[PDB]
Amino acid sequence: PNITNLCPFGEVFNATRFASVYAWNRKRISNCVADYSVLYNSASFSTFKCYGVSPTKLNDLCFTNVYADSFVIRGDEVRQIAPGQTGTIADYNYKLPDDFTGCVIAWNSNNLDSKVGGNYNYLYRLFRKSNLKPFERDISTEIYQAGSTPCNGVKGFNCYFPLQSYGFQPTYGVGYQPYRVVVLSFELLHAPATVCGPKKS
Amino acid sequence: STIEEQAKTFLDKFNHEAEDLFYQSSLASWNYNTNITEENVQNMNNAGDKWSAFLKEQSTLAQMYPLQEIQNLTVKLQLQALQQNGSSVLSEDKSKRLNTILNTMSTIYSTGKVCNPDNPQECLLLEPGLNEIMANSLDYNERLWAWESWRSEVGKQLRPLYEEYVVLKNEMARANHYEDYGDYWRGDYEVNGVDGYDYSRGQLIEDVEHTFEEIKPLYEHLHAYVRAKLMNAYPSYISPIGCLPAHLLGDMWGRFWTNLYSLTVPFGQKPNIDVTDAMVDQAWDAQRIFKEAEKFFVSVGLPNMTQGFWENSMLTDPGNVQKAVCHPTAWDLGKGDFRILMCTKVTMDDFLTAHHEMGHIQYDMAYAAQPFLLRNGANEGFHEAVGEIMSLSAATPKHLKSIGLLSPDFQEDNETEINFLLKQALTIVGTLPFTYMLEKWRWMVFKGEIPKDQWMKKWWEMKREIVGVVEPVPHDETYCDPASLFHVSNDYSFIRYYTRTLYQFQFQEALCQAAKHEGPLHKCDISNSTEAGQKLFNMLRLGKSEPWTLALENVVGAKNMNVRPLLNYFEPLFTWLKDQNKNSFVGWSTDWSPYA
Ligand SMILES: *[C@@H]1O[C@H](CO)[C@@H](O)[C@H](O)[C@H]1NC(C)=O
Ligand SMILES: *[C@@H]1O[C@H](CO)[C@@H](O)[C@H](O)[C@H]1NC(C)=O
Ligand SMILES: *[C@@H]1O[C@H](CO)[C@@H](O)[C@H](O)[C@H]1NC(C)=O
Ligand SMILES: *[C@@H]1O[C@H](CO)[C@@H](O)[C@H](O)[C@H]1NC(C)=O
Ligand SMILES: *[C@@H]1O[C@H](CO)[C@@H](O)[C@H](O)[C@H]1NC(C)=O
Ligand SMILES: *[C@@H]1O[C@H](CO)[C@@H](O)[C@H](O)[C@H]1NC(C)=O
Ligand SMILES: *[C@@H]1O[C@H](CO)[C@@H](O)[C@H](O)[C@H]1NC(C)=O
């Protein structure tokens, strides 16, 4: 039939501000029509790597819910947003499961997320005692204890503040330039699937 | 938990903070160099102070992790680099005195202006005028006046300052568990803890002497030929049996002999390989010069320059309104930012300099992956050597014919090869005894082998014995003749040029053997050879992570610096010089036979 009520992809991709990787934003997308060909045929994206599904059949399948996680990371760290990877972003900031079905989309945001003095708003967690579980968020700002001595809440010798800032500057190289990453997670549950693709007439 | 894990997390924190602070400092320095304005000078100074303060704080934090409980070589290398006290071990009064002495020597050398007595209304600064009088004049007494007047004023000002400098630096070095300041400088080549690839601080002097003993016949023949030609240029001053007069070497100190090419040319009638007119005829912009250099580096298989490099670099002089430093410098700002600051003209020298500085940039890009404290050359010699090999390869007639800058019907006979090799010898071979003698004299001064009342008597004795250069008139101890040079007056190591010169030809033989070049070594071009670039990039990617001996094994297959590739490079010239010196006397006499 005639289709309306498209999914709110404007409020995820075209957002004025993106969250830091440590405190990555998750938006649950339900009860609308998701047109994935608009995203795939865009020339504005640098990474559109889909894991567990192909982009061509996305516009046909139907899912119960869509999770859109959004964060900013350095370009070199874009590789770490994948199943089975290792690094600071994957161990301590954002972990993807090995059995992940969804797409990882990234694009350079040097124009919007870099400042000449440096943009220090965006942060990452350098240290955590253990690696993150898949789809876990850690927003704790408790001092990391690398040594036997208690930190007691105040930085010092062998006790470091967990969150560090990428001071993005426009002059930086591609590896260190800010990249906005949207990860779409597709799951099917026994509830009626309502995020369906567009149907031709 | 363990000390090693604690150090690893400390280093991770340090690397993160260090990269940001280093970028801010580098960017501020770039802003000053590209734009000499008071605001920039302030910003640069502030960032430099912040960086130095950070490095003092982190060295103080770093020392609390003992070295002997860490087994990983990379972690121990970074901790060793960061746990150095530097001048911090010295007392605050003496540290302030040392810093004041260094600054005032910098001001005395930079702003030293000397002119002729009885005509004092306008004087000559060393960089614009004195250098020109040394490189272009053919008058004996004018060059003698310039040389003696600059060593009189600068040496008599700098001698008490240098006497304080040696004592303070020796005190700091012995406070840092070194024998002297010379041992501190020689510690750059020290490799400890690696089985087989260990290198000692004491081995450096022995290796330098062993290589120089093989340098000596070629230098003796070159010295005899230059002596005969200078005898032709100046009829009565130069003796057939004695040393060369000091003020006639074409430079202020005798550092290079490249300004004697006009006087000592073998075949003046034959043409040169100057390509300046050809680029002017084809309207080669500085952008085209750097693009051709980039084409050379992509031909050998190295990565091409980043978009950031093109956008953020200043490759042309900005203009009258904006002031900039004219010296060509490759800048590794950090965080993926690589830039070149050069006031590029349309000359062969600027084109070769573009290749040299882009080689510096390629080394920086290759070692960028490595941790911050390890982002450097394996030693001080390699970083300059990798630019000098590009300067060697680009200057070949095969490269010029390949890129179209030289006519395809240019005749490459033996005479042009001889005169080109002689020019390369005047630049390269002539600096080796001067470099070795200067470093050996400074090492003996720091070690206490030479007492303060015998500094100059020994120094000229060394120069006659090694360099074969005699003083025009005797100097007493009121003079400070070494410190008239930029590197010694401003606390810089000088053995890097000797090691760079040997590493240059070792790398050249390794890459030419990789590229399967079948002719003379000086006729070799490393373009179009992926394997040569791969062999180079294997060492380039390591940076300071691995010992310099292991890096040299990676390139040339030897565990030590070697002198045979240099001698192989100049072998046609060596045979020609031996043929030309049949009638004349090779070698010199240390007596006062020319003039004293
Ligand atoms: C986001 O912005 C781009 C560029 O302006 C635009 O083409 C696109 O339609 C916008 N919306 C989405 C969902 O990508
Ligand atoms: C150079 O300095 C002047 C004065 O501070 C400034 O207005 C100008 O924009 C600067 N140019 C560059 C390229 O930094
Ligand atoms: C040394 O530490 C680095 C991490 O900093 C690690 O990747 C490397 O494998 C370690 N080397 C050894 C020999 O354990
Ligand atoms: C640096 O100086 C401190 C204080 O004098 C000393 O305890 C420490 O051992 C020194 N470190 C080195 C590597 O010399
Ligand atoms: C460097 O080479 C790559 C691959 O050939 C190319 O895509 C890129 O555009 C080049 N860089 C520049 C600045 O042209
Ligand atoms: C160049 O080769 C010719 C022909 O063998 C020879 O006569 C001449 O002496 C050579 N010149 C030099 C400088 O080697
Ligand atoms: C290197 O490769 C380029 C690309 O074809 C070629 O134009 C050039 O002539 C080659 N160099 C030599 C010395 O043949």
Checklist outcome for this item: Exposure-ranked with fewest Cβ neighbours within 10 Å first, B:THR264, B:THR427, B:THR306 stand as B:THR427, B:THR306, B:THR264
Checklist entry - When averaged across all projection directions, what area in nm² does the alpha-carbon convex hull of chain B cover? => result 28.2
Checklist entry - Using the Cβ atoms and a cut-off under 12 Å, what net charge is assigned to the surroundings of A:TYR40, where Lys and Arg are +1 and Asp and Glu are -1? => result +1
Checklist entry - Antiparallel DSSP bridges in the protein assembly as shown: what percent, to the nearest 5? => result 85
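Expressed in nm², what is the orientationally averaged projection area of the convex hull enclosing the Cα positions of segment A:1-55?
Details: hull surface 22.2 nm².
With the hull built on Cα positions only, its mean projection is 5.5 nm².
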Checklist entry - Rounded to the nearest 0.05, what FRET efficiency is calculated for B:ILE403 and B:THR427 with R0 set to 22 Å and r the Cβ-Cβ distance? => result 0.45
Checklist outcome for this item: Taking only C-alpha positions in segment B:210-267, Rg and Dmax in angstrom work out to 11.8, 36
Checklist outcome for this item: Per the helix-only model, chain B has a calculated mean residue ellipticity at 222 nm (DSSP H runs of ≥4, -39500 (n - 2.57) each, divided over all residues, rounded to the nearest 500) of -18000 deg cm²/dmol
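Once you have the Cα-Cα distance between B:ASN116 and B:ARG288, take 0.36 nm times their residue separation minus that, and quote the gain in nm to one decimal.
Working: separation 172, 0.36 × 172 = 61.92 nm, distance 4.47 nm.
Between B:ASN116 and B:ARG288, full extension yields an extra 57.4 nm.
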Checklist outcome for this item: The Cα extents of segment B:3-84 along the principal axes, largest first and rounded to whole Å, are 49, 18, 16
Checklist outcome for this item: Taking only the alpha-carbon positions of segment A:29-125 as identical scatterers, the Debye log10 I(q)/I(0) at q = 0.11, 0.12 Å⁻¹ comes out as -0.40, -0.47
Checklist entry - Can you work out D for segment B:450-503 in µm² s⁻¹ from Stokes-Einstein, where Rh is the Kirkwood radius over C-alpha pairs, the temperature is 10 °C and the viscosity is 1.306 mPa s? => result 124
Next on the checklist: What are the extents of the Cα atoms of segment A:118-169 along their three principal axes, in Å, largest first?
Outcome noted: 36, 29, 13
Checklist entry - Rounded, prolate or oblate: which one fits segment A:84-201, using the alpha carbon gyration tensor with axes a ≥ b ≥ c (rounded when a/c is under 1.5, else prolate when a/b beats b/c, else oblate)? => result oblate
Item to check | Exposure proxy ranking, count of Cβ atoms within 10 Å, fewest first, for B:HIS221, B:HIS487, B:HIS360 | outcome: B:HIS487, B:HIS360, B:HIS221
Item to check | Given charges at Cβ of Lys, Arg, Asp, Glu: segment B:3-84 dipole, positive-most of B:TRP30, B:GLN83, B:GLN71 | outcome: B:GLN71
Checklist entry - Normalized C-alpha radius of gyration of segment B:399-544, against 2.2 N^0.38 Å? => result 1.43
Item to check | Gain in span if fully extended, B:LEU138 to B:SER262, counting 0.36 nm per residue against the direct Cα distance | outcome: 43.5 nm
Item to check | Rounded to 5, percent antiparallel among DSSP beta bridges of chain B | outcome: 65
Checklist entry - How many nm separate the modelled label positions at A:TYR67 and B:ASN320, each set 7 Å beyond the Cα in the direction of the Cβ? => result 6.7
Checklist entry - Hey, what's the Cα Rg ratio for chain A versus the globular rule of thumb, 2.2 N^0.38 Å? => result 1.13
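Would you kindly give the portion of the calculated P(r) for the protein assembly as shown that falls above 40 Å, as a percent of all Cα pairs?
Working: 146447 of 317206 pairs.
Value for the protein assembly as shown (Cα pairs over 40 Å): 46 percent.
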Next on the checklist: What is the sum of charges, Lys and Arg at +1 and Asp and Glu at -1, for the other residues whose Cβ falls under 13 Å from the Cβ of B:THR499?
Outcome noted: -3
Checklist outcome for this item: With 0.36 nm assigned to each residue of separation and the Cα-Cα distance removed, B:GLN534 to B:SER52 gains 169.8 nm
Item to check | Virtual spin-label span in nm between A:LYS129 and A:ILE3, 7 Å along Cα→Cβ | outcome: 4.9
Item to check | Local electrostatic count at B:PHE54 - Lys and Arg +1, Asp and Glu -1, tallied over other residues with Cβ under 11 Å | outcome: -2
Item to check | Cα pair distances exceeding 18 angstrom across segment B:7-143, given as percent | outcome: 73
Checklist entry - Most exposed first by the Cβ proxy, i.e. fewest other Cβ within 10 Å, how do B:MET279, B:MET305 rank? => result B:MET279, B:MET305
Checklist entry - Alpha carbon centre of segment B:491-526 versus segment A:161-186: separation in Å? => result 41
Checklist entry - Restricting attention to the alpha-carbon atoms of segment B:503-564, what are Rg (one decimal) and Dmax (integer), both in Å? => result 11.6, 35
Item to check | Descending semi-axes in Å of segment B:317-418, equivalent ellipsoid built from Cα gyration tensor | outcome: 30, 20, 11
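Laboratory data are not the source of any read-out in this text; all were calculated from the coordinates shown. When we count neighbours, we look across all protein chains shown, and the Cβ atoms used for this are built from the backbone with ideal geometry, even at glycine.
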